Each structure stands twice: as structure tokens, then as C-alpha cells.
């Protein structure tokens, strides 16, 4: 059966360009326990700093970019406390930084893409760093001079899986609308989550060892003009799932003092229990049988999950190389992290001279997660280099 093309697109959505950006300011992880416990006026919790020193080392993170400088925290001490009224201050920083960081990545993706901005017909903007009305999607549209008639989808506070949601959304936008070009921006920062330490909230302390700032921007479109556009990946399928028996696994409470996390259930075991059949279902239409014949993007919000999945599916230790590089060099930038990893995977495949944007593989899987417990899974097809 055939249908008239009419106003729709013929073929699957493709990533046509990708780029990332971060705040200029960064912290080496080796320096962070000292910096953190100083600026939060918590140097007296010697035994807690010792726990934090161990937490920070086991993250395998090396540096993290952050908007929050010692100077900004000094001018906003409520942000540095464990729990003081500070939401308005955090949202003032979000308005000054999140759309701007998104534009830095968007400029670079549009440059790689090579087409004029006026051909962008849709914008998907994800952030958990600040609820703005109008949103950062609006502010970015104004800063970039995009068409005022652009179709925007603003995704506030989905949490760490939203990079998968953004691709899932962009796929239908691109495929249903002939000529549509979708600018996808995940722009993230710890502005809502950053706070001082508490001996009674170790979960919250662990998040201070991992979360970081950064933005990723993509152009997604179907029916590429192969004379002016160069696909990097195809978005073949995109699915979302609540895992069984995962009620309240990850909760984020938005309060007067910003975002406060609550993580009672064991996240690594939840993923291990379910990852295999989720990826089997994803790979079912490809006829792949070797876990090592595909490329990998796994959200690294809990580094232990990377090791455990690697062992479980018996992956070649180079499979998660791009994933671990981003974790080491940038930390967990919330929903943007899997898109950083995608770009790093592409750049390493090209630099190392492989045959496909998927490190020589044809098929690939992108997997991220967050509150629900929710898992976003994307089936990707590489392109010949």
C-alpha cells in the first residue's frame, strides 16, 4: 500500500549536524572536594569531606564545566547552603545562561549544517536547569533570529532521559512534515540541583560529584538534499518505557531551595534487570545478533551501570569508549550527556578513520534514563564515512 506524499516527508529522520558547548569555567575533579566544602561553608564536616573525596574519585570524572563560580556563589550564598530559599536567584541565573549556552551549541551545529537559519521550522528545547515563562525555547529563538513562526516544543524538568525524548520528538516532527528541519537543543546546568552538604542526605551529596553544565544542539531532518547536507545518523526507532517495580526510584522535588533529589531504590540493579530485553526489542528489526557489532551510547549518570552493562552483555571494552570519554571530561550534563557522547562517537570514528559514523558498525543503540523509572531507547543507523 502507498499513500500520497502530500505535505509529509518520504524517509526516516536523520541527524544532519551536531555540536556542543560548555561554560568557560570548569573544575578539575581533583580540586573539587576542597572547593565545594569551602564555598559551602562546610569545612567543619571533616568526616563528610572524606566521604566526598572518595565519592569524587570513584566517579572517574576528571573535569566539569559549571556556570557557578566562587564569585557567583558569594553573591548568592543561599544557593551554597544545603537548604535556603533560593529559587528566584537560581532562575535569574538560568535566564542569563541557559538560552545563551544553547545558542553557543546551536551556532556551531548550524555552521556545520551549512544551510540558512530561516530553513529551521521546529525547535525542541530541553532543560531541567530552570523553569522559565516564556521558556528558554523562546529566548533562544530571539537570540538566534529564528523565524517567529517556528514550531517550538519546550520540555522542562523531564530529568536525565530528556535527550532520548528530544530525539523521539524530533523524529515525528521531521518525518511528518516535508522539508521540516528540527533544531534540537538540550541545555543543562546544576543551577537547580547545586547545594551545600548534609550528613543526613548522602544521595544529594553524590549528585554534587557528578552533575555538570553543557549544551548540545542537533539539526534533524528527513529527505536530505545530499548535494548540500550530509547525514550523520538515522533515527530508526525511539521508544519510552517505565520499568516494572520502579515506583519512586528517582524523584526530584522542586522546592523553595531548588531541586532536591530522592533516590531510595537501587538504580544499577533496576537497569541490569531490564536492559537486555529492552535492547533486544530495539534491535529486533535489524537482524543483529552480536552485541559487539553495534555502536553504543549509554547515559553515564551512574558510572557503575557502565561497568555492569559491559560485563552483562560481555562488551568489547572499547564499545563504551566515547561514553566514558564524555563522563571523564564533562561529567553528567543531565539530558545533554548522551548527545555529547553521540558527537564524540562521530568525531572519534572520523578521526580514527573508521568506515561508518558508528565506529564502522551499521546499527547502534542510545539508551538514557531518569524519573519513572523511565528509559528512553533510540535505534540509530550509521552513515558511511
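Numbering follows the first chain given and starts at 1.
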Practice problem: Averaging the C-alpha B factors as listed in the entry, name the stretch that ends up higher: 137-145 or 222-230. | Solution: 222-230
Quiz prompt | Mean Cα B-factor comparison, 109-117 or 183-191, giving the higher one as deposited | solution = 109-117
Quiz prompt | Selection from 318, 329, 70, 343 [criterion: highest C-alpha temperature factor in the record] | solution = 318
Practice problem: Sort 290, 92, 175, 104 by C-alpha B-factor from the entry and give me just the highest. | Solution: 290
Exercise. Going by the recorded CA B-factors, say which third of the chain residue 161 sits in, lowest, middle or highest.
Key: lowest
Quiz prompt | For residue 97, the third of its chain into which the C-alpha B factor falls | solution = lowest
Practice problem: Report the third (lowest, middle or highest) to which the CA temperature factor of residue 268 belongs, ranking only the modelled residues of the same chain. | Solution: highest
Quiz prompt | Chain-wide C-alpha B factor ranking for residue 261, given as lowest, middle or highest third | solution = middle
Self-check item: Third of the chain's Cα B-factor distribution that residue 299 belongs to, per the entry
Solution: lowest
